[PDB]
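One structure is given here, and the rest of the page talks about it.
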Amino acid sequence: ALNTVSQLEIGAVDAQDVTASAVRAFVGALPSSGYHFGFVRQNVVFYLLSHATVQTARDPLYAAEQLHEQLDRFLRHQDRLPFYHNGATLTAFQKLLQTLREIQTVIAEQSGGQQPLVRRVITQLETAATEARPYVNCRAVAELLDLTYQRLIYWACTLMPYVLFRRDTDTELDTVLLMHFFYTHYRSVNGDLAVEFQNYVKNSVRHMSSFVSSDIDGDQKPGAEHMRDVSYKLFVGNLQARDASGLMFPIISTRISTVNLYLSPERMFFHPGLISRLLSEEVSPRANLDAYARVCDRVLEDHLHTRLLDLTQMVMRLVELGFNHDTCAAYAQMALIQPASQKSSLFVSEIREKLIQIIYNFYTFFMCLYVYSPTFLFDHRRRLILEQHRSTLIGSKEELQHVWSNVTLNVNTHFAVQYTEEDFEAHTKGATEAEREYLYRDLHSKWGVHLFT
Amino acid sequence: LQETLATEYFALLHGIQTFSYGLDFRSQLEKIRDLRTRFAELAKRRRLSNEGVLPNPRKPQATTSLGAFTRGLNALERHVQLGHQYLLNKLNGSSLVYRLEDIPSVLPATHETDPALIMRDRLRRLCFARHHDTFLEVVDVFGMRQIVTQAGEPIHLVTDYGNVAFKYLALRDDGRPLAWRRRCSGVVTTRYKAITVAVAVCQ
Amino acid sequence: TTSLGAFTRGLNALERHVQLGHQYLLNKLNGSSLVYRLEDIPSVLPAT
Amino acid sequence: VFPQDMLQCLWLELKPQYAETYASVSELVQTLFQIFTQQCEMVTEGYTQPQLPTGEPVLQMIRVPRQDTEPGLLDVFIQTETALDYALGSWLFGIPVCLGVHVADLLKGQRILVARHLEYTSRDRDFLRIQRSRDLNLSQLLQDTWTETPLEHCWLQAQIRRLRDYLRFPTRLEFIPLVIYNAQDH
Amino acid sequence: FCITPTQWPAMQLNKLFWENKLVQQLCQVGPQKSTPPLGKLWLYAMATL
């Protein structure tokens, strides 16, 4: 029986399959006296929910409500610890189900100023999660919170407004690039962006010809390959257009002399050509690259100088700079693709190392955010995530061992899953010497670490 | 304990399938060796076998014997070792590239799997230069439809076009030959006509 | 009065029939890019 | 790499006799691919053993017969040297070349008539224009040909980087090549 | 009207009508290798029927 129940701890069970009669048979057939049988006589509902899974059904609310109703029947069928009791377990799980209904209600309402509404509704969701926070041990609530956080963060990263982009120092190219990135990363509901683009292109007709090449020589320039699409659907006057015809247009001049006079150094990440030429180390020595050098230094210093509201705040701060996960990954690829040995100035090498740090850090941060949840499963998958990252991004390069500290430091800073020894003491204040060992064993199996003794 | 390690095995299988480990062959070898030692320790705590059907990643089964797990481990070792050997041979045979470290590792950020493409590239790769004459079809450890010879070397690893443009122009054979030429929607030099006339007259 | 060798020959005939049909289908999918998978291929009913 | 109009002009201006049966160099390329695929023959057969000694469940076994004369089209293209070959090689690799037609032999072979057909050097504008018109973009092939082959993907990226680096910086030979070719059959 | 031959390029519209790959594969079935592709007759049959 002990081996079976330990394997049950290691494994997971289906909410629909388990019934009240099944729980009654499991309790009755289980031996009466034991150092774990007392707990299952005391907290069978919480213990069963500790390992249950609902993620398979793909509909958390209804399956979890069915599980709650079966547990309610078993609790009708049914003083050691006021903090954790089967009736208290049912009450807390019903509260969590209310939270899981209201998160979907919020998503439906907000998705159809929008920013204050988003902030207040996400604050309500955070309060709801805090109400559901203490029983993080359970696998059922673990996957429920995991899916909830996945959905909310995926919705929030896309529902970004466009107010923060406009600056007085922004040029015509900078503005069109900002709204271009907005189109390529956010088009779900913001449909007026194309109309504004069509209105604005007629304003900057004279200014649009200043930052372009001749026809014949522009295509061979480095970095035009990646920016051909943005250029084509800049020139055509409609962001919905597709460059399937392979036409040749006035290619944008990516030279630093043109960029500095026609762009702003702070909004560079929206422009792919400068990234490509900087990684490729094909920059002319005479080029004056102090602009992005200082911008890179100050941005990294501000980011390294650093709650769910705070997480979201950093989220729209970082992506406001144009850092999109797909874009960051695709424009970190050539960092590995580009050769290590080439001729470039020391400042260029230093800013390249800085940008390698930045691309790795933001790529890891974004992908962890895509799988973020204040639960043990996040760290459990993050172990394999960091192993894979060591395998691929760092590789066998010796110089890449220095840049490792910032990635792990930032990801553990922003996505820390907090657990308190006082929390476990309260969870086991009434638990006797007999019952604490298997709660400890289940926690060790789930988290994977020897957190306390 | 056994279930958690089996899930770790399946996660490693998916990572190798999705190329989450890149060109770090040593890391994959160390991980699979550690997994094999862990499964051997599980067997000792609970005899290893070299027979049994492979575990199904799509449908995990608790009836799989430890021999199946050991077989899957050795299959992964063979896959990674044959891959590394093929990289070593191609590096020796091609002088264009300098070192394996300079060769990057691509990310699955650009993922697109059409079954039609997945079958057509393999069927066109069949009659290319491969070490063994005959051929066969199996289901790989990853669970997909992998095609290998009797040696078990992957066709996508034992047969190659030798050029990116060759593969691109070979798999582009769909309907009409050229599409962008049609999309663009678009007579001799007079000197050549003059030289043709003069050469004909002289001859 | 049919012999066991006759039944062995019939088993071989059925095996070759099914293998021959399967290999002809494989060749037809190989030569024609019109169809991508056997799953999309319909099955007719023998009602007619 | 080259634009299709310039390719059409070169094809029409120096039509190879054995290639005159077709209308483009591209058509030659797809017909060569077709004959290469026709050389390959696939036959599927059953196997008594359902699994390998390793144990992978084997479904079917496939053999590749290459059984069978007039010279092959791909062959006759291979051993026949044409002005097309050297012109395309010079334009692709960024090297000049001098192509001329042999009229006849005079003074018992002491003097040979080589009519001025065309010349390639860094001086004439057409050579510079065609050299700078080369579009060294090949990452679009990688995007258009993703077949769940990341190892080959990295190999192809490295190969493209090396070939583009070589093409941008060709080796110079003091601009003195010369080719003699016939006019009746190129 | 009138047309300038030099300005107007010449395509191969057969590659879209009967020289395309799929119709050629469909009409390749014939008694002997000497038979030319039958897509020319195949389009006739489809149009008639």
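By order of appearance in the structure tokens: chains A, B, ..., then residues from 1 within every chain, and ligands from 1 in the order shown.
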Identify all chain D residues at most 12 Å from chain E by counting only C-alpha atoms; ligands do not count. Present them as a short mmCIF file (atom, residue, chain, number, x, y, z; two decimals) with N, CA, C and O atoms, in the first residue's frame.
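Once everything was written out, this is selection_24.cif:
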data_model
loop_
_atom_site.label_atom_id
_atom_site.label_comp_id
_atom_site.auth_asym_id
_atom_site.auth_seq_id
_atom_site.Cartn_x
_atom_site.Cartn_y
_atom_site.Cartn_z
N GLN D 4 16.55 36.91 -64.72
CA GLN D 4 16.04 36.07 -65.80
C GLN D 4 16.13 36.76 -67.17
O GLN D 4 16.30 36.07 -68.17
N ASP D 5 16.02 38.10 -67.26
CA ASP D 5 16.12 38.76 -68.56
C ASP D 5 17.53 38.64 -69.12
O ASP D 5 17.72 38.34 -70.31
N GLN D 8 18.05 35.13 -70.25
CA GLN D 8 17.40 34.90 -71.53
C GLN D 8 18.21 35.49 -72.68
O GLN D 8 18.34 34.88 -73.74
N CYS D 9 18.76 36.69 -72.47
CA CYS D 9 19.57 37.32 -73.50
C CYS D 9 20.82 36.49 -73.81
O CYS D 9 21.16 36.27 -74.98
N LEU D 12 19.78 33.27 -75.69
CA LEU D 12 19.43 33.47 -77.09
C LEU D 12 20.63 33.89 -77.92
O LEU D 12 20.71 33.55 -79.11
N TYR D 22 15.75 23.26 -76.82
CA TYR D 22 14.98 23.85 -75.74
C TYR D 22 15.06 25.38 -75.82
O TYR D 22 15.73 25.94 -76.70
N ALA D 23 14.37 26.04 -74.90
CA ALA D 23 14.21 27.49 -74.95
C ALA D 23 14.88 28.23 -73.80
O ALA D 23 14.92 29.47 -73.84
N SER D 24 15.40 27.54 -72.79
CA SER D 24 16.06 28.24 -71.69
C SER D 24 17.06 27.31 -71.02
O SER D 24 16.95 26.08 -71.11
N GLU D 27 15.06 25.32 -68.39
CA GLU D 27 14.41 24.13 -68.92
C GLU D 27 15.39 22.97 -69.03
O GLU D 27 15.05 21.83 -68.73
N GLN D 30 15.72 21.61 -65.33
CA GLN D 30 14.63 20.71 -64.92
C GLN D 30 14.61 19.42 -65.74
O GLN D 30 14.25 18.37 -65.21
N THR D 31 14.98 19.46 -67.02
CA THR D 31 15.00 18.20 -67.78
C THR D 31 16.11 17.28 -67.29
O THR D 31 15.95 16.05 -67.27
N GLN D 34 14.79 15.75 -64.23
CA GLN D 34 13.82 14.72 -64.60
C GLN D 34 14.52 13.44 -65.03
O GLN D 34 14.10 12.34 -64.63
#
>> Counting only C-alpha atoms, a student should be able to say which residues of chain B come within 8 Å of chain A; what is the right answer, written as a PyMOL selection string?
In response: chain B and resi 1+3-4+15+20-24+27+101-107+109+180+183-184
Grab the residues selected above and save them as a PDB file, in the first residue's frame with C-alpha atoms.
ATOM      1  CA  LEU B   1      10.851   7.403  -9.558  1.00  0.00           C
ATOM      2  CA  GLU B   3       7.835   7.413 -14.123  1.00  0.00           C
ATOM      3  CA  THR B   4       9.750  10.658 -13.539  1.00  0.00           C
ATOM      4  CA  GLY B  15      14.534  17.951 -27.369  1.00  0.00           C
ATOM      5  CA  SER B  20      17.059  21.913 -28.618  1.00  0.00           C
ATOM      6  CA  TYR B  21      20.641  20.740 -27.959  1.00  0.00           C
ATOM      7  CA  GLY B  22      22.283  22.025 -31.149  1.00  0.00           C
ATOM      8  CA  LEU B  23      25.702  20.730 -32.174  1.00  0.00           C
ATOM      9  CA  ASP B  24      26.763  19.950 -28.577  1.00  0.00           C
ATOM     10  CA  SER B  27      26.252  17.197 -23.913  1.00  0.00           C
ATOM     11  CA  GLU B 101      32.534  25.374 -33.521  1.00  0.00           C
ATOM     12  CA  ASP B 102      32.232  28.079 -36.186  1.00  0.00           C
ATOM     13  CA  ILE B 103      29.234  26.159 -37.561  1.00  0.00           C
ATOM     14  CA  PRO B 104      26.184  27.502 -35.680  1.00  0.00           C
ATOM     15  CA  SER B 105      23.213  25.688 -34.165  1.00  0.00           C
ATOM     16  CA  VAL B 106      19.820  26.666 -35.560  1.00  0.00           C
ATOM     17  CA  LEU B 107      16.768  27.179 -33.316  1.00  0.00           C
ATOM     18  CA  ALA B 109      11.956  29.259 -34.079  1.00  0.00           C
ATOM     19  CA  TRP B 180       8.633  34.126 -59.469  1.00  0.00           C
ATOM     20  CA  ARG B 183       5.185  36.749 -61.013  1.00  0.00           C
ATOM     21  CA  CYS B 184       7.633  39.309 -62.427  1.00  0.00           C
TER      22      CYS B 184
END
>> Based on only C-alpha atoms, which of the residues in chain C come within 12 Å of chain B? I want them as number ranges by chain.
In response: C: 26-27, 29-40
>> So that I can check the surroundings of residue 13 of chain A, please list as a PyMOL selection string every protein, DNA and RNA residue that reaches within 7 Å of it, counting only C-alpha atoms and ignoring chain neighbours fewer than 6 positions away.
In response: chain A and resi 51-53
What are the closest atom pairs, with distances in Å to one decimal, for all residues of chain B lying within 7 Å of chain E? Consider only C-alpha atoms, order rows by chain and residue number, and present the result as a tab-separated table.
residue	atom	partner	partner_atom	distance
B:175	CA	E:21	CA	5.3
B:176	CA	E:20	CA	5.3
B:186	CA	E:9	CA	6.8
B:187	CA	E:6	CA	6.4
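Taking atom CA of residue 226 of chain A and atom CA of residue 127 of chain D as the two end points, the separation is 27.7 Å.
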>> Please identify the helix (DSSP H, G or I) residues within segment 7-49 of chain E (assignment by DSSP from backbone atoms) and present them as number ranges by chain.
In response: E: 14-17, 21-27, 39-48
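Of the listed residues (D:116, D:172, D:132, D:162), D:132 comes nearest to chain A; the distances count only C-alpha atoms.
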> What does the distance between atom CA of residue 128 of chain A and atom CA of residue 99 of chain A come to in Å, to one decimal place?
Replying inline: 5.8 Å
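Note that the spacing between atom CA of residue 39 of chain D and atom CA of residue 61 of chain D amounts to 19.9 Å.
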>> List as a PyMOL selection string the protein and nucleic acid residues near residue 17 of chain C, meaning an atom at most 12 Å away when only C-alpha atoms are counted, but skip any in the same chain fewer than 6 places from it.
In response: (chain C and resi 10-11+23-24) or (chain D and resi 45-46)
Write the residues of the preceding selection, restricted to N, CA, C and O atoms, as a compact mmCIF listing (two decimals), in the first residue's frame.
# COMPACT_ATOMS: atom_id res chain seq x y z
N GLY C 10 -2.75 -20.50 -51.19
CA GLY C 10 -3.75 -19.45 -51.06
C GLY C 10 -3.31 -18.34 -50.11
O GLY C 10 -3.57 -17.16 -50.36
N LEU C 11 -2.65 -18.71 -49.01
CA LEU C 11 -2.10 -17.72 -48.10
C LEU C 11 -1.06 -16.86 -48.80
O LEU C 11 -1.05 -15.63 -48.65
N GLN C 23 1.97 -1.69 -52.43
CA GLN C 23 3.12 -1.12 -53.13
C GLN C 23 2.70 -0.32 -54.35
O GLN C 23 3.34 0.69 -54.67
N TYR C 24 1.63 -0.72 -55.04
CA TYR C 24 1.12 0.09 -56.13
C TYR C 24 0.60 1.43 -55.63
O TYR C 24 0.83 2.47 -56.27
N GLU D 45 8.88 -4.17 -51.46
CA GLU D 45 8.65 -5.60 -51.30
C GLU D 45 8.50 -5.92 -49.82
O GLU D 45 8.93 -5.17 -48.94
N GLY D 46 7.86 -7.06 -49.54
CA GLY D 46 7.66 -7.48 -48.17
C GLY D 46 8.87 -8.19 -47.59
O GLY D 46 9.79 -8.61 -48.30
>> Please find the residues of chain D near chain A - the criterion being any atom within 8 Å, counting only C-alpha atoms - and write them as a PyMOL selection string.
In response: chain D and resi 132-137+157-158
> Taking the backbone alone, and naming residues the way the document does, which bits of chain D are strand (DSSP E) by DSSP, as a PyMOL selection string?
Replying inline: chain D and resi 43-45+60-63+98-106+111-119+179-181
Go ahead and write the selection's residues with N, CA and C atoms as a CSV table (one decimal), in the first residue's frame.
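again.csv, freshly written:
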chain,number,residue,atom,x,y,z
D,43,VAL,N,11.3,0.1,-55.9
D,43,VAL,CA,10.4,-1.0,-55.8
D,43,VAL,C,10.3,-1.4,-54.4
D,44,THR,N,9.0,-1.6,-53.9
D,44,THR,CA,8.7,-2.0,-52.6
D,44,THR,C,8.4,-3.5,-52.5
D,45,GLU,N,8.9,-4.2,-51.5
D,45,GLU,CA,8.6,-5.6,-51.3
D,45,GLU,C,8.5,-5.9,-49.8
D,60,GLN,N,7.9,-2.5,-44.4
D,60,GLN,CA,8.2,-3.0,-45.7
D,60,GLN,C,9.7,-2.7,-46.1
D,61,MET,N,10.2,-3.5,-47.0
D,61,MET,CA,11.6,-3.3,-47.5
D,61,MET,C,11.5,-2.8,-49.0
D,62,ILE,N,12.4,-1.9,-49.3
D,62,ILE,CA,12.4,-1.3,-50.6
D,62,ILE,C,13.8,-1.5,-51.3
D,63,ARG,N,13.8,-1.9,-52.5
D,63,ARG,CA,15.0,-2.0,-53.3
D,63,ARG,C,15.0,-1.0,-54.4
D,98,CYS,N,37.9,35.8,-72.1
D,98,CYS,CA,37.9,36.3,-73.5
D,98,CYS,C,37.4,35.2,-74.3
D,99,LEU,N,36.2,35.3,-75.0
D,99,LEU,CA,35.7,34.3,-75.8
D,99,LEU,C,35.8,34.8,-77.3
D,100,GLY,N,36.2,33.9,-78.2
D,100,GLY,CA,36.4,34.2,-79.6
D,100,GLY,C,36.1,33.0,-80.4
D,101,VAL,N,35.7,33.3,-81.7
D,101,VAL,CA,35.4,32.3,-82.7
D,101,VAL,C,36.6,32.1,-83.6
D,102,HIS,N,36.9,30.8,-83.8
D,102,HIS,CA,38.0,30.4,-84.7
D,102,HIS,C,37.5,30.4,-86.1
D,103,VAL,N,37.9,31.3,-87.0
D,103,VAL,CA,37.5,31.4,-88.3
D,103,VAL,C,38.1,30.2,-89.2
D,104,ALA,N,39.4,30.2,-89.3
D,104,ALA,CA,40.1,29.1,-90.0
D,104,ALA,C,41.6,29.2,-89.6
D,105,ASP,N,42.4,28.4,-90.3
D,105,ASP,CA,43.8,28.3,-90.1
D,105,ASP,C,44.5,28.8,-91.3
D,106,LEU,N,45.4,29.7,-91.2
D,106,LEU,CA,46.1,30.4,-92.3
D,106,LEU,C,47.6,30.2,-92.1
D,111,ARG,N,49.5,31.4,-88.3
D,111,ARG,CA,48.6,32.5,-87.8
D,111,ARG,C,47.2,32.0,-87.8
D,112,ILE,N,46.5,32.2,-86.7
D,112,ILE,CA,45.1,31.8,-86.5
D,112,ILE,C,44.2,33.0,-86.4
D,113,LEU,N,43.1,33.0,-87.2
D,113,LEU,CA,42.1,34.1,-87.2
D,113,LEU,C,41.2,33.9,-86.0
D,114,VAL,N,41.2,34.9,-85.1
D,114,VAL,CA,40.3,34.9,-83.9
D,114,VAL,C,39.5,36.2,-84.0
D,115,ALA,N,38.3,36.1,-84.5
D,115,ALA,CA,37.5,37.3,-84.6
D,115,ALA,C,37.1,37.8,-83.2
D,116,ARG,N,37.1,39.2,-83.1
D,116,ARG,CA,36.7,39.8,-81.9
D,116,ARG,C,35.2,39.6,-81.6
D,117,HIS,N,34.9,38.7,-80.7
D,117,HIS,CA,33.5,38.4,-80.4
D,117,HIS,C,33.0,39.2,-79.2
D,118,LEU,N,33.7,39.1,-78.1
D,118,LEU,CA,33.5,39.9,-76.9
D,118,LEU,C,34.7,39.8,-76.0
D,119,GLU,N,34.8,40.8,-75.1
D,119,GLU,CA,35.9,40.9,-74.2
D,119,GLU,C,35.4,41.2,-72.8
D,179,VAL,N,39.7,32.0,-74.7
D,179,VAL,CA,38.9,30.8,-75.1
D,179,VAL,C,38.7,30.8,-76.6
D,180,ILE,N,38.9,29.6,-77.2
D,180,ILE,CA,38.6,29.5,-78.6
D,180,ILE,C,37.4,28.4,-78.8
D,181,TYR,N,36.4,28.8,-79.4
D,181,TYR,CA,35.2,27.9,-79.6
D,181,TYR,C,34.7,28.1,-81.0
>> Please list as a PyMOL selection string every residue within 9 Å of residue 378 of chain A, counting only C-alpha atoms and excluding residues in the same chain fewer than 5 positions away.
In response: chain A and resi 146+368+371-373+383+415+417
> Could you write out as number ranges by chain the residues of chain B within 8 Å of chain D, counting only C-alpha atoms?
Replying inline: B: 19, 23, 51-54, 71, 96-97, 103-106, 110-114, 117-118, 121, 124, 127, 133-140, 156, 163-165, 167-168, 170-171, 177, 181, 186-189, 192, 195, 199, 202-203
Serialized selection, C-alpha atoms, as an mmCIF file, in the first residue's frame:
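Contents of the output file again_25.cif:
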data_model
loop_
_atom_site.group_PDB
_atom_site.id
_atom_site.type_symbol
_atom_site.label_atom_id
_atom_site.label_comp_id
_atom_site.auth_asym_id
_atom_site.auth_seq_id
_atom_site.Cartn_x
_atom_site.Cartn_y
_atom_site.Cartn_z
ATOM 1 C CA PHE B 19 17.095 20.195 -32.013
ATOM 2 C CA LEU B 23 25.702 20.730 -32.174
ATOM 3 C CA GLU B 51 14.664 -7.336 -26.538
ATOM 4 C CA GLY B 52 11.224 -5.741 -26.606
ATOM 5 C CA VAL B 53 9.289 -3.190 -28.627
ATOM 6 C CA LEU B 54 10.345 0.436 -28.247
ATOM 7 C CA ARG B 71 17.124 -0.488 -26.141
ATOM 8 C CA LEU B 96 35.140 25.208 -47.234
ATOM 9 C CA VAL B 97 34.392 25.353 -43.495
ATOM 10 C CA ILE B 103 29.234 26.159 -37.561
ATOM 11 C CA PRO B 104 26.184 27.502 -35.680
ATOM 12 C CA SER B 105 23.213 25.688 -34.165
ATOM 13 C CA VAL B 106 19.820 26.666 -35.560
ATOM 14 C CA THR B 110 11.419 28.557 -37.804
ATOM 15 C CA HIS B 111 9.253 25.432 -37.582
ATOM 16 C CA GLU B 112 7.108 24.162 -40.460
ATOM 17 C CA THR B 113 6.326 20.457 -40.944
ATOM 18 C CA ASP B 114 4.227 19.528 -43.973
ATOM 19 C CA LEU B 117 7.274 17.814 -47.815
ATOM 20 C CA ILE B 118 8.406 15.370 -45.110
ATOM 21 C CA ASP B 121 12.289 15.116 -49.487
ATOM 22 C CA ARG B 124 13.919 12.137 -53.491
ATOM 23 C CA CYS B 127 18.428 7.197 -54.811
ATOM 24 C CA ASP B 133 22.473 -0.764 -51.714
ATOM 25 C CA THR B 134 19.123 -1.925 -50.328
ATOM 26 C CA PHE B 135 16.635 0.054 -48.246
ATOM 27 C CA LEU B 136 13.794 -0.340 -45.754
ATOM 28 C CA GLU B 137 11.239 1.613 -43.719
ATOM 29 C CA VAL B 138 10.741 1.665 -39.936
ATOM 30 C CA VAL B 139 9.356 3.815 -37.116
ATOM 31 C CA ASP B 140 12.006 5.655 -35.119
ATOM 32 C CA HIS B 156 18.537 12.484 -44.139
ATOM 33 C CA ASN B 163 24.231 21.892 -52.097
ATOM 34 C CA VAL B 164 21.499 24.126 -50.713
ATOM 35 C CA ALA B 165 20.538 25.286 -54.212
ATOM 36 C CA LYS B 167 17.842 20.785 -52.722
ATOM 37 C CA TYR B 168 15.900 24.032 -53.177
ATOM 38 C CA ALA B 170 14.776 19.852 -56.556
ATOM 39 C CA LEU B 171 11.929 20.263 -54.053
ATOM 40 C CA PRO B 177 8.692 25.083 -62.995
ATOM 41 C CA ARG B 181 9.509 34.390 -63.167
ATOM 42 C CA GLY B 186 8.700 39.660 -68.118
ATOM 43 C CA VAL B 187 16.164 39.539 -79.175
ATOM 44 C CA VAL B 188 19.931 39.350 -79.708
ATOM 45 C CA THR B 189 22.712 41.897 -79.435
ATOM 46 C CA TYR B 192 26.277 38.983 -82.326
ATOM 47 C CA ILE B 195 29.473 38.556 -86.297
ATOM 48 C CA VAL B 199 31.425 34.410 -90.010
ATOM 49 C CA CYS B 202 33.664 34.077 -94.591
ATOM 50 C CA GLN B 203 33.069 30.343 -94.126
#
>> When you look at segment 235-242 of chain A with a cut-off of 7 Å (counting only C-alpha atoms), what residues show up, excluding the ones that are within fewer than 2 positions of it in the same chain? I need them as a VMD selection string.
In response: chain A and resid 194 198 201 231 to 233 244
Written selection (N, CA, C and O atoms) as a PDB file, in the first residue's frame:
ATOM      1  N   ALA A 194      -3.234  50.403 -39.919  1.00  0.00           N
ATOM      2  CA  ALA A 194      -3.006  50.484 -41.358  1.00  0.00           C
ATOM      3  C   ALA A 194      -3.509  51.807 -41.926  1.00  0.00           C
ATOM      4  O   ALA A 194      -2.874  52.395 -42.810  1.00  0.00           O
ATOM      5  N   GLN A 198      -1.282  54.595 -43.855  1.00  0.00           N
ATOM      6  CA  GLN A 198      -1.614  55.168 -45.156  1.00  0.00           C
ATOM      7  C   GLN A 198      -1.693  56.688 -45.086  1.00  0.00           C
ATOM      8  O   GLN A 198      -1.295  57.384 -46.026  1.00  0.00           O
ATOM      9  N   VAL A 201       2.171  58.006 -44.661  1.00  0.00           N
ATOM     10  CA  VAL A 201       3.116  57.880 -45.772  1.00  0.00           C
ATOM     11  C   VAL A 201       3.006  59.064 -46.724  1.00  0.00           C
ATOM     12  O   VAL A 201       4.009  59.499 -47.303  1.00  0.00           O
ATOM     13  N   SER A 231      10.688  47.130 -45.782  1.00  0.00           N
ATOM     14  CA  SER A 231      10.798  48.163 -46.805  1.00  0.00           C
ATOM     15  C   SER A 231       9.670  48.043 -47.822  1.00  0.00           C
ATOM     16  O   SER A 231       9.019  49.039 -48.168  1.00  0.00           O
ATOM     17  N   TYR A 232       9.400  46.842 -48.347  1.00  0.00           N
ATOM     18  CA  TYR A 232       8.379  46.665 -49.381  1.00  0.00           C
ATOM     19  C   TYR A 232       7.015  47.124 -48.879  1.00  0.00           C
ATOM     20  O   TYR A 232       6.384  47.975 -49.514  1.00  0.00           O
ATOM     21  N   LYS A 233       6.586  46.648 -47.698  1.00  0.00           N
ATOM     22  CA  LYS A 233       5.288  47.082 -47.204  1.00  0.00           C
ATOM     23  C   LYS A 233       5.365  48.407 -46.455  1.00  0.00           C
ATOM     24  O   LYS A 233       4.379  48.816 -45.832  1.00  0.00           O
ATOM     25  N   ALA A 244       5.308  38.629 -52.269  1.00  0.00           N
ATOM     26  CA  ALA A 244       5.445  37.343 -52.939  1.00  0.00           C
ATOM     27  C   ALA A 244       5.986  37.473 -54.356  1.00  0.00           C
ATOM     28  O   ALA A 244       6.542  36.502 -54.882  1.00  0.00           O
TER      29      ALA A 244
END
>> At a cut-off of 8 Å, using only C-alpha atoms, what residues contact segment 292-297 of chain A? Leave out same-chain residues fewer than 4 positions from it and give the result as a PyMOL selection string.
In response: chain A and resi 265-266+268+301+347+351+354-355
